[PDB]
Amino acid sequence: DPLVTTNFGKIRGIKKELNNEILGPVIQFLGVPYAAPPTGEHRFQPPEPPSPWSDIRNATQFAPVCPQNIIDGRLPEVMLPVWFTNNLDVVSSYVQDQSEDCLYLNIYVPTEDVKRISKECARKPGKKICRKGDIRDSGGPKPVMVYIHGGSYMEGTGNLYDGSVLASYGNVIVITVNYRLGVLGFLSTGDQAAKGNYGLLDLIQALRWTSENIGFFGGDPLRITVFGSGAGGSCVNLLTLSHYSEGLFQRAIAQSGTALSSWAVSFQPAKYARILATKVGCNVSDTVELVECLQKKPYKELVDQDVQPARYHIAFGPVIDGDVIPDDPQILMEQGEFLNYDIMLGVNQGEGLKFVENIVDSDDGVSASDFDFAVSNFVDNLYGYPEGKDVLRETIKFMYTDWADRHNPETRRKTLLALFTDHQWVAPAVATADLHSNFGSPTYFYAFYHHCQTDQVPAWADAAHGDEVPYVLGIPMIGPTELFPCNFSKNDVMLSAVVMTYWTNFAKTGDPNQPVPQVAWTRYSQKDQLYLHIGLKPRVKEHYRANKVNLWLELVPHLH
Amino acid sequence: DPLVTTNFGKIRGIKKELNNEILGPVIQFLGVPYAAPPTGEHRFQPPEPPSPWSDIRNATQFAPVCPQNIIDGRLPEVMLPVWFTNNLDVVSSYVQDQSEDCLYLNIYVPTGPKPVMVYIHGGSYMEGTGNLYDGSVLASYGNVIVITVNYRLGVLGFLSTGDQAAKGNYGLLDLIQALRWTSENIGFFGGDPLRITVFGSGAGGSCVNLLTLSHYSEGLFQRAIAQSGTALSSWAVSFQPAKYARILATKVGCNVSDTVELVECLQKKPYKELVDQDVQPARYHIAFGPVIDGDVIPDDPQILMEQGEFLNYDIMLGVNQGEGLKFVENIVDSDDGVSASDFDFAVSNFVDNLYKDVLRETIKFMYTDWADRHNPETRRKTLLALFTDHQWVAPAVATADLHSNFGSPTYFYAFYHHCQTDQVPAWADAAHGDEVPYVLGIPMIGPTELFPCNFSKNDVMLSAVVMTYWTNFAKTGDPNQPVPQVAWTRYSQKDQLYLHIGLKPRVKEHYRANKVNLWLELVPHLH
Amino acid sequence: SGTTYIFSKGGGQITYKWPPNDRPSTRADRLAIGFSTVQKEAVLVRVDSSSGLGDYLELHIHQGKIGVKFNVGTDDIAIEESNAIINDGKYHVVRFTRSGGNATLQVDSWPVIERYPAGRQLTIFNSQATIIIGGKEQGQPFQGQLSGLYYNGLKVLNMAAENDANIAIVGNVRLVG
Amino acid sequence: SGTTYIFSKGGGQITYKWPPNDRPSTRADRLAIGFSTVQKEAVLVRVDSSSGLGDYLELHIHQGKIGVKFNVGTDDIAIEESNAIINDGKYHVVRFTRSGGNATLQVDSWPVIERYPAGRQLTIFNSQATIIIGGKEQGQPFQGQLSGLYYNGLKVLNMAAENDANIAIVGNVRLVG
Ligand SMILES: *[C@@H]1O[C@H](CO)[C@@H](O[C@@H]2O[C@H](CO)[C@@H](O[C@@H]3O[C@H](CO)[C@@H](O)[C@H](O)[C@@H]3O)[C@H](O)[C@H]2NC(C)=O)[C@H](O)[C@H]1NC(C)=O
Ligand SMILES: *[C@@H]1O[C@H](CO)[C@@H](O)[C@H](O)[C@H]1NC(C)=O
Ligand SMILES: *[C@@H]1O[C@H](CO)[C@@H](O)[C@H](O)[C@H]1NC(C)=O
Ligand SMILES: [Ca+2]
Ligand SMILES: [Ca+2]
């Protein structure tokens, strides 16, 4: 009987029992409408608040997901979580139900049977405490954790991430959000015709609703924590930079995703807006006419298009618009032009598994020649062509040749994988933790070393990109799922508990160590660059990959 | 009556009692004439065999040294050993008698054909003497015969005009003639002519390597040890000898059109006038020294070692980890550090000395320890490491890579223990030529004037350990055999195994691999 | 009639110290204060960012005129009630706002003063560590009365009187009431 | 003759391997061997540098004529007794000397062939490791008799006659007397 009356009308949740000795029940409000449909006249427009209902709508089933095209090959594996790629047939089922009217939330609320006050009132209704009281049986507003799913801004759905275990483990309310993706959510003609960042503006509208309504479910609109991974980790960072985020959240976690990578912002929104129009017969001279017709076209025709960008970049995604995103994220962060939030950033040992998992052989090595080509492919796709081709290629190659073991192609495999890891993930993440520390935001940093290798993951591989997700979400707590089908061990269960303790402790206190105790994860500052090495043997260590992070931050920008 | 009958006549020596109870006697033979006086028409000419004397030569005090100018601030401080720079006044004692007729060696015989260890000195090819090095302690300690040799230095021994007028490499040729005399005569003293080992520090370490690359030296020595010294360092070979010869010639009224009359001019003039002369090269390079003559040195020491153009010699190379202190010291404050702006400048003209914008930046990056980014004590250590690596460590590891790959039992070492002295700054690591007092076994006889540091029990027990490796190598071609002592593994480019010599002696992997290869594999082809 | 505190002989200081891990940043700043003084030179309220950062806000009196000087990243920005002395011993309320580079300043109920700095200006006041009331240590101590101080939501003088854990009053400051 | 080893039906091999820590390099080479054979083509003696170095010496009968191919780094240098037939069954002695890139070869009482290859070339035969006599695992095994083998002071066939620690004898090979 879980009825809750929000500002917009009553909604009915569905109680969900959990299948683990420990964890207790969770009432989950699925498909909750946080914004009015961005359909028709409202396509390519910021989200409006939802229309109030006077009935009782069943928030018990998943609402449709935002329009996306899921096809092997036509999506960039080098970018999406490794659990996401290797298991697409499982991801299809979450996304087969589709609509443009897709702006929805899932709310995961932990429920105890402990009757704190209701039983005193059953004995004595007369006292003010009950006579006109506000304290509930589960008294004390619970910290809110909003997860922003991030693939490549083209696909995905919060519905993929079951917050139940993470909710009823840290006694927090976990929320998962649907926001506009693909073209629908990020098309920009580079002006006022289409301003881009619609998806972002959805997330902001989500946080508006949540900050206005979570109180009813028993949430604390002052202890809200946005967290994300992959591109959702980028959204987390892009939101800390957005003026639109004042008062809407207070603490942020970004997992293997910064606003600084070459694929977090679309730097040519108009180039790709107009290429798409060409594919649907809408490439007209004036932009507003071009967007005019794009609104008349059925979303499916738009989402079905093959709009490939250059490698490790995006075609549709967040744009620097001087509104939602005020300036270039590098400028905004070098000058410290951001409000203060408790941050917790982090990266995995081998994010860039999918950057090598093609040229690695049966004895799992990479040839001297295979290596030289891969860096050349890397340089020419990411840093362009002329200006300083040779001086850049030769430097990177030198810095990614382990010289204590130069000839063995197995360790040559590792470093090649490190190149893409360091460059796309560690460099920007360590840069962000640096620039947040300086301007007095409590910063915390982690490395992720422990994976759960399946039967699709090559044995040699360490923790892949995204591999950290199940532990954050407490999947090992309820056994293997169809989405994360790894045989989680006792050791995997222990770690997944430990990550969750921090991840909630942070949402509770903004300090991963307190209150729930477990090696104390010390704070991070540019001074000693202190990070927690999360794995089977956890340590707080210093200066993560310091000599490689700075190669890219300091030396390389001088080499053009 | 210490008396030995040799090929060139009969020679008498002196018996030094050592400054220690443990160590036993050594018969010394000082100022032994190994070659004919290189004067007259023999100056700027190859060394001649010495003439047989009829009587008994009173060879019991040193012989005069080769003509050399020794002044504080007129010599390349950065290039010469540290004990040399800091102790110039005491050094000058051994440099008081200077004859042009100076081709003499000194023999130390302990009291079986004992192994022969020839010591080649050398700061910058301009100055120095074997008389500085007391091969006494090393001798009766390892039961080896030790020899310290004098060779034509400065102009008098390295002048080339780039043709047959002046061929150069006379110094090197004198060393050859020394080894000629040695393999023929050392038998009369009780030496093994088929177990001769040439060893040296500084340029004297280069000379060792330079002899390995010369076809002349064949069948005269079997083993070789180079200390903080290479044929590959920027200052190891003079590439423009005729340039300087003509610049020297202008300073003494000899600069004539024809090269043959310019050489006959300089011969006629007094030796003191040419030596006192003020002639200096672009920093880190040299005016006078070994030249590529196409005869002694057939080609560049770099080409010849990639070609394998050398016989298989038992090589032991090495560097100390604070080599180029002299580069960095002169910009260190009281807080024992170096400022960021002083670091950026030093690098800049380091490039303007030896090499543009990218190189200026790479080095600057490579030598920043981002673990302690801002601490000027750290920013001192790595700026020190810059010159340490580029002038000593890089050439040394280059040689050992090219020697082990062409099948020669190579052994590499890092010497990390400095003698504790107030002569140098406290923060200091082992400086260029700090391994000498250990090799020569000075800690055994206490402090001398030339090495005045407060010697400790640990310095003596390290000096014993080193002298063991050093003698053992001269005996067997293997620092582990035959004297019992962690075994010094043979070096090879697969695992680059070197002995990390110090208080805690240990065999380690790939010495400074990531920085060494910067200079050997990234920097070379950046243009 | 705010929470009146009297600053006396020689001078004094009442200090706010935001807990380390909750130091605010901001785009806009609201700050109002009630005062009576006769001083020609004084610093009344100074807001300082964590060490290293340059960001500062100062409400001061120079040659009788009241003003506010602040740097949030680029330049020091002045805004001053230019045309009337305020050190006349009578009661006065000064209200100062800030948004990005710009500022607003009103004394009692005169025309509102408006400052708009030329050139490209930064907007964020970072990690504010301390509010310093009384200016004793800046260099010019305050002599006079200060009442009900409002700053970005915080009633500093009230919570100062209400025995705040983070308020330190040291010097010749006394509580009226 | 010196120490004679017969090489029989199907051929054999005698392999001397230099101890690792004493692998010799050289500028001038002396190589002498007495022999008797009927082979039109066979490989008598091959000296190899260590694995990685392509430096070799090969004494080989080709077309019925004795000779030596060798390379020290630059070019493959050939020298042979071209004028006469050497596989006649009679006991012949061939002497080979190698001064740098230049070489001379003589057989019996016959005129001495001189070979001087043009263009600058390397002189050093680097770290020599194995001497192979009979070359069974080379293509053409020797069939006949080899006696008195000199390579730079090494009496290799006499060494195998008094059980030297480095030499192996695999294949049809017998000692004489
Ligand atoms: C996930 O990992 C667990 C932990 O290793 C796996 O459980 C283990 O399964 C194996 C068989 O696959 C069991 O081994 C057996 O042991 C018995 C004695 O108890 C022996 O008689 C058999 O010869 C056999 O080797 C093992 O007991 C069992 N361990 C436990 C108690 O968990 C499990 O297989 C994995 N999950 C799956 C099904 O993928
Ligand atoms: C669309 O039309 C415009 C204006 O004629 C043209 O500049 C642009 O290149 C066209 N886009 C494509 C990709 O065809
Ligand atoms: C010396 O004189 C020669 C011949 O006249 C001339 O070529 C050269 O420039 C002079 N060299 C120097 C540097 O004195
Ligand atoms: Ca600022
Ligand atoms: Ca060769």
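Residue numbers (our numbering), protein chains in the order written: chain A, 11 to 570; chain B, 820 to 1346; chain C, -17 to 159; chain D, -17 to 159. Every residue, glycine too, gets a C-beta built ideally from N, C-alpha and C.
Identity of the residues DSSP links to residue i by a beta bridge
i	result
residue 97(D)	85(D)
residue 153(D)	-6(D)
residue 77(C)	14(C) and 88(C)
residue 852(B)	923(B)
residue -12(D)	127(D) and 156(D)
residue 266(A)	According to DSSP, which records beta bridges pairwise, residue 266(A) is partnered with nothing at all.
residue 24(D)	43(D)
residue 1029(B)	Per DSSP, none; premise fails for residue 1029(B).
residue 53(C)	38(C)
residue 544(A)	458(A)
residue 60(D)	51(D)
residue 4(C)	DSSP, once it has assigned bridges, lists no residue as partnering residue 4(C).
Chain-ordered chain B contacts of residue i [CB-CB under 7 Å]
i	result
residue 401(A)	1177 and 1345
residue 557(A)	1189
residue 560(A)	1189
residue 565(A)	1180, 1181 and 1184
Rounded distance between the beta-carbons of residue j and residue i, thought under 8 Å
i	j	result
residue 113(A)	residue 188(A)	6 Å
residue 138(C)	residue -14(C)	Their Cβ separation, rounded to whole angstroms, is 13 Å, which puts residue 138(C) and residue -14(C) out of contact at 8 Å.
residue 1023(B)	residue 1116(B)	Actually they do not touch by this definition, with Cβ atoms about 16 Å apart.
residue 100(C)	residue 59(C)	Residue 100(C) to residue 59(C), Cβ: 11 Å. No contact.
residue 110(A)	residue 309(A)	5 Å
residue 48(A)	residue 190(A)	6 Å
residue 149(A)	residue 126(A)	6 Å
residue 36(A)	residue 119(A)	7 Å
Contacts that residue i makes with chain A (C-beta to C-beta distance below 9 Å)
i	result
residue 55(C)	345, 346 and 347
Chain-ordered neighbours of residue i on chain A, where CB pairs are closer than 7 Å
i	result
residue 6(C)	350
residue 104(C)	345 and 347
residue 32(C)	450
Under 7 Å from the C-beta of residue i: neighbouring residues of chain D
i	result
residue 1385(B)	Nothing in the structure corresponds to residue 1385(B), since chain B is present only between 820 and 1346.
Interface residues of chain A facing residue i [CB-CB closer than 8 Å]
i	result
residue 108(C)	346, 350, 449 and 450
Neighbour list for residue i in chain B, Cβ cutoff strictly below 8 Å
i	result
residue 553(A)	1189 and 1190
In chain order, what are the residue ranges of uninterrupted alpha helix (DSSP H) at least 4 long that sit wholly in the region 985 to 1009 of chain B? 989 to 1008
Going along the chain, which unbroken runs of the alpha helix (DSSP H) with 4 or more residues stay wholly within the region 169 to 204 of chain A? 174 to 179
Pick out the complete beta strand (DSSP E) segments inside the region 71 to 151 of chain A, 3 residues or longer, and give them in chain order. 114 to 120
Is it a yes or a no for the region 903 to 913 of chain B touching the region 1264 to 1276 of chain B, going by three-plus beta-carbon pairs under 8 Å? yes
Would the region 100 to 117 of chain D and the region 126 to 143 of chain D be scored as touching if the rule is three or more Cβ pairs under 8 Å? yes
Could you pull out every unbroken beta strand (DSSP E) segment of at least 3 residues lying fully inside the region 1216 to 1255 of chain B, listed in chain order? Every beta strand (DSSP E) stretch that sits fully inside the region 1216 to 1255 of chain B and reaches 3 residues is listed by chain position as 1231 to 1234.
Decide yes or no for the touch test of the region 1127 to 1145 of chain B against the region 1062 to 1072 of chain B: beta carbon pairs closer than 8 Å, at least 3 of them. Touching, no.
Taking 8 Å as the threshold, find out whether the region 231 to 238 of chain A comes into contact with the region 250 to 269 of chain A through three or more Cβ pairs. Short answer: they touch.
Which ranges does the alpha helix (DSSP H) cover as unbroken runs of at least 4 residues, wholly within the region 252 to 323 of chain A, from first to last along the chain? 279 to 289, 297 to 306 and 309 to 313
What are the start and end residues of each continuous alpha helix (DSSP H) run of 4 or more residues lying completely inside the region 1127 to 1202 of chain B, in chain order? With a minimum length of 4 residues, the continuous alpha helix (DSSP H) runs that stay inside the region 1127 to 1202 of chain B are 1144 to 1147, 1159 to 1173 and 1176 to 1185.
Under 8 Å: do the region 1117 to 1130 of chain B and the region 1190 to 1208 of chain B share three or more Cβ pairs, one atom per stretch? no
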